[PDB]
Amino acid sequence: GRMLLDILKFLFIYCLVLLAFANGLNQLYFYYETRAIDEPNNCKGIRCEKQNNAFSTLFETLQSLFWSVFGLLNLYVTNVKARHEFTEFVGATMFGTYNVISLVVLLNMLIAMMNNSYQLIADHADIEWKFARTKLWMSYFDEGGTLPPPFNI
Amino acid sequence: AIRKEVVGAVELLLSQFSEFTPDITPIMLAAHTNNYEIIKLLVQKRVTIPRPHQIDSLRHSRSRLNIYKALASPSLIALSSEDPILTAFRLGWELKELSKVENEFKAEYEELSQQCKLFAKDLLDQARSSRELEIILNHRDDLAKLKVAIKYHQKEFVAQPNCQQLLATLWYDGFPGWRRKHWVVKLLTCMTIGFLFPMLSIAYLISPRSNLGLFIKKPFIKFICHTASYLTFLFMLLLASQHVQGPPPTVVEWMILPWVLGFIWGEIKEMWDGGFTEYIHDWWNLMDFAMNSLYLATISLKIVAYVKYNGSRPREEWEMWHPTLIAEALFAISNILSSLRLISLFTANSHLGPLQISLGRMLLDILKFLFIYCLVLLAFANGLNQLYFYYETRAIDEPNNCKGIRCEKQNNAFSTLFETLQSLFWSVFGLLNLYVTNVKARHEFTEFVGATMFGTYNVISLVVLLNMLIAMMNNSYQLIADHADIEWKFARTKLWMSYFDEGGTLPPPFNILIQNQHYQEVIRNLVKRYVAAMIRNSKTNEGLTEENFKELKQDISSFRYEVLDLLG
Amino acid sequence: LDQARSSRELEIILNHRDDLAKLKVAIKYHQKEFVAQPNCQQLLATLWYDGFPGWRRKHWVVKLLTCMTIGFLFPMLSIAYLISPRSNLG
Amino acid sequence: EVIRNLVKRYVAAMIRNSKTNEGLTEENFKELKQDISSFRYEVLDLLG
Ligand SMILES: CCCCCCCCCCCCCCCC(=O)OC[C@H](COP(=O)(O)O)OC(=O)CCCCCCCCCCCCCCC
Ligand SMILES: CCCCCCCCCCCCCCCC(=O)OC[C@H](COP(=O)(O)O)OC(=O)CCCCCCCCCCCCCCC
Ligand SMILES: CC(C)CCC[C@@H](C)[C@H]1CC[C@H]2[C@@H]3CC=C4C[C@@H](OC(=O)CCC(=O)O)CC[C@]4(C)[C@H]3CC[C@]12C
Ligand code: NA
Ligand code: NA
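Going by the PDB entry, chain D carries the name Short transient receptor potential channel 5 and comes from Mus musculus.

In the annotation of the PDB entry, chain A is listed under the name Short transient receptor potential channel 5 and assigned to Mus musculus.

## So, the coordination of the sodium ion (ligand 4)
Under perfect tetrahedral coordination by four donors, a metal shows angles of 109.5 degrees; under perfect octahedral coordination by six donors, it shows angles of 90 or 180 degrees. Residue and element names in this part refer to chain B. Donor atoms from the polypeptide that coordinate the sodium ion (ligand 4) comprise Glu 267 (OE), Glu 270 (OE), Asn 285 (OD1) and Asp 288 (OD), at 2.2 to 2.8 Å from the metal. Positions of the donor residues of the sodium ion (ligand 4), expressed as sequence spacing, correspond to E-x2-E-x14-N-x2-D. One end of the pair is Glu 267 and the other is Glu 270, both in helix α15 (residues 251-272) and three residues apart, which spans about a single turn. Given the relative accessible area of 11%, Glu 267 is considered buried. Owing to a relative accessible area of 39%, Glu 270 belongs among the partly exposed residues under this scheme.

## Things to note about the site of ligand 3
Taken together, 15 residues are adjacent to ligand 3, and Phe12(A), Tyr172(B), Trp178(B), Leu345(B) and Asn349(B) come closest. More than one chain lines the surroundings of ligand 3; the residues nearby belong to chains A and B. The side chain of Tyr172(B) places a nitrogen or oxygen atom 2.3 Å from an oxygen atom of ligand 3. Within the side chain of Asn349(B), one N or O atom sits 3.3 Å away from an oxygen atom of ligand 3. Protein burial of ligand 3: of its 730 Å² of free accessible surface, 74% is covered by the chains. Counting residues per element, the shell around ligand 3 draws most heavily on helix α1 (residues 4-29) of chain A, at four residues.

## Description of the state of the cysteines
Scanning the entire structure with this criterion turns up two disulfides over all chains. One disulfide bridge connects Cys43(A) with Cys48(A), the sulfur atoms lying 2.0 Å from each other. In this structure the cystine formed by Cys43(A) and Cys48(A) twists about its S-S bond by roughly -90°; its chirality is therefore left-handed. Paired by a disulfide, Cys402(B) and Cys407(B) hold their sulfur atoms 2.0 Å apart. Judged by the sign of its S-S torsion, about -90°, the cystine formed by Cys402(B) and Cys407(B) is left-handed. Taken as a pair, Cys402(B) and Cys407(B) share a single burial class, namely buried. Considering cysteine sulfurs only, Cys163(B) is the nearest to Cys116(B), which forms no disulfide, with 19 Å between them. For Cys116(B), a relative accessible area of 0% corresponds to the buried category.

Conventions used here
Residues numbered from 1 in each chain as written, not as in the entry; some residues may be left out. Chains lettered and ligands numbered in written order. Part of a larger assembly, values for the part shown. Heavy atoms only, no water. Residues with missing side-chain atoms left out of burial classes, pairs and counts. Donors = N, O, S within 2.8 Å, 3.2 Å for Na, K, Ca; no water. Helix = DSSP H or I, 4+ residues; strand = E, 2+ residues; numbered from the N terminus. Buried < 20%, exposed > 50% of the residue type's maximum accessible area, 1.4 Å probe, protein only. Near = heavy atom within 4 Å. Polar contact = N/O pair within 3.5 Å; in protein donor to acceptor, adjacent residues only side chain to side chain. Areas by Shrake-Rupley, 256 points an atom, 1.4 Å probe, with all protein chains shown as cover. Disulfide = S-S within 2.5 Å.

Structure (structure tokens):
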């Protein structure tokens, strides 16, 4: 719980990064939206068997760059039907630098950040723990002992 | 007698195995011992010190290290110098560059440079009023002494908290107690001043000398509504992403073009100042050159695409090097570079600042590692291209007329060198597959050898080198996280002090002898109470040693033999 | 080695055969602090950069240009010392 | 001729470093205590 507040200072910067690359990839691939009828099983976007239009809208692009932190996108995502090899290559390099920044740089900087925070937290532990244990204990000293299992009414 | 700080050097100034290099004069050793009384007793004898510069080799570097070791003492800077703050600054710089020149003796010249920085910082610690502090920080040989302190990279001098209070009152002028306010009131002032950048920037164009023309002259009212304006520009870039070969510009692009011209005129306005020395050394200005250069390339390819491309062809019939597609791709990359400039706005915030500057100080330690990893990339791509270059298949032979990776069927990854480097890049993440390393010709030995080469690439790159990068950033982040909050405040005073100058208007498109007597009168008091504080700290903090035991032993022994000689 | 206050003394130390004999014995017995002592590193650096007055004083772009232009000339510097060893290029 | 000088100024530097860097201990306290005590009994034995 004392390291979560140090993660939340970092997710703002990472969300700043997602915003950046979603702005770029939406700007590059918004010309290539296809209707849902044109793909098999009448399915559009990611969460399809055929990952078809991920960088089409801004919400689907934010989603797309979210799911690529884990190994859940594919390289056939960055293609278009129109076979434009320069824009598909530039989009794949934008997706590659997102993968380097988000997965190699920022994730391991978050690891080092939580090492240095966990070393500072783990000294003041067992008096930080006992304060919360006395708050939990001292919440049950009061007169209101009626049970929330509906006996409370 | 000078080594032991005995003031029985008055007798030796009154009236073969030297344990010193014979370059040592008494004032060099007096400065090495840092005793103020002996240095005063020898400076009152009018002795000199050589200047180090030149037109068998251990005596030369040893003697130069003795000369710079004596000049870097905080008592020869406190005495015999016109102002000790500029002397500590210039000596800190000359010892830092002199440590960078000589690979040997680096850890000693860096120690002397940190001594020179710590001395000047301890001179600011002795200022006990704000008239004294304003006489210090304004002394032109504006805030001249802070510009010189940032120029010579004096990070402990600037991050000293009295200087931070003075810079904070210069920063928040027109705000009685901004830090006393609650952060919701802070957020409402940031937002409501953020919306009014045309209402605060049309004034200072029509009425500069007015009640509103003097309101954007405040630097915190520069920072807010220079950066909320940038958030409106990035809002226009978000709006821009929501067939003609070369089209006329969109209404969004017509709104965006003078923002872009305000950025380019702003950066040319910064390249007129100084030269390509401070500009090109700053990474964010290099990122401004990349961003604005891609803006010039994008707008130029819109103009080229508008010229003599009159017809309309469908999108899937265009050539690969059509300047419309290149203008859209470079526009997207410039949107990534323009939308990553908000990371530089973190130094103004007290929570995100030291984090951002710690990440920036670990990036230079990652870039030393990506060279080694790229060598590994070159090694295994050489091997896998060499093994699989016999098995190239044409794009017609696969389904959907697709070749390489970025296909549904990952077919020819180790075919060319360019695709093999791309293949070993994408396998760091879980994005290749094991069907990649096959050939159509069913050669099980070469497919097995290629899969073992791919496996050792995965062990070296993912298990060995990635976790060595993790341990590397642990050990670097522990070293960086001690000097944070003075490394952060130096960059925050550079960001603050960038908004103190004359050129106030935003890039939204609107863009288009008495002093020396008072200073010596302050410096004399600071040196006097500094030296008093340092001898006080030497009395409190010096632990006792064996020679102090020998002094008491000789006092009791000599008094013993003297009483026995009187009574005998 | 820290007590050597001249380079005649340091060259008498590091050349003492019971060439650089005492450094070969120091590397042979894995004496890593002896060799990494900075006066020894200055002597090895002057033996290393002979024919370069102040290589470390130069800027790294000039260093890169000397590394590249001396790098291209390995036939022009290796055909000499095969035909004319005792020459200005050999 | 070089080794003799290096050994001589080495040993001088090491006894110098032992004088500077050795912290005081309890037996050094007992030495001062016996010096003042023995000088005390010697003066009391001369004046008695
Ligand atoms: C603090 C905020 C964030 C800090 C910013 C981070 C600093 C930037 C880090 C480097 C920038 C990313 C490099 C570009 C990625 C790319 O090239 O993108 C790779 C692209 C993407 O694939 P394509 O072939 O489809 O384009 O591939 C190529 O263009 C061919 C060249 C491949 C060679 C790349 C070698 C670089 C590898 C470095 C990372 C290796 C991972 C480490 C494993 C241990
Ligand atoms: C500083 C620069 C870089 C430093 C160099 C790094 C040192 C080298 C590290 C070891 C070399 C790689 C080993 C070869 C990989 C390989 O065998 O490649 C594995 C190959 C590849 O699969 P194929 O069967 O398809 O060829 O598999 C086999 O040949 C069958 C044997 C499998 C048993 C392998 C057991 C070794 C596993 C070690 C890594 C485990 C990961 C750790 C997880 C916690
Ligand atoms: C949520 C994700 C999508 C990022 C949101 C993008 C922007 C809305 C955020 C990213 C970083 C934020 C910035 C982070 C830090 C600052 C400094 C901050 O100022 C302070 O913290 C105090 C200033 C002072 O007192 O000196 C107010 C604006 C600003 C630019 C913030 C403005 C809003 C920014 C640009
Ligand atoms: Na700039
Ligand atoms: Na994975």
